[PDB]
């Protein structure tokens, strides 16, 4: 375990140091395209792991953008990886800590953040509401009866509100 002060330090260092190797020359992951989520974005006092959400700008880099990932100048061991979820352990200070990573394309941004900030209890509650209205909300979208439901939205609030729910900051999300 590690604190929000530790986490904040760790996430800030990484945002200089991320990139993936796309067939030789490695293309630099721009930090305006990475977003701290889960506990750290809710600003909980104590952290179990740092969970991060990378936004890809074309679909056909998902084949590359997590299983060929590098963090400059620091050690790590991989336990799992895929196109959209990739879990890593880090060596920080003398510390070993765990780092989840997650991807969505820009079309998906707020829903990935809303899904990934948690908390777990909030996600469990919030969904039942719309299953009662026979809708489905996921990392990627909002859908009904097998067809996506498009909305005129850009940020997470406009999503939560377009869904018809109290918007609140991630500290006390429940």
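Numbering follows the first chain given and starts at 1.
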Averaging the C-alpha temperature factors as deposited, the higher value of 139 to 147 versus 39 to 47 falls on 139 to 147
Lowest, middle or highest third: where is residue 64 by Cα B-factor in its chain? lowest
Sorting the chain's CA B-factors, does residue 125 end up in the lowest, middle or highest third? lowest
Tell me, lowest, middle or highest third: where does the Cα B factor of residue 5 rank within its chain? highest
Sorting the chain's modelled residues by C-alpha B-factor and splitting them into thirds places residue 88 in the lowest
Which third of the chain holds residue 80 when residues are ordered by C-alpha B factor: lowest, middle or highest? lowest
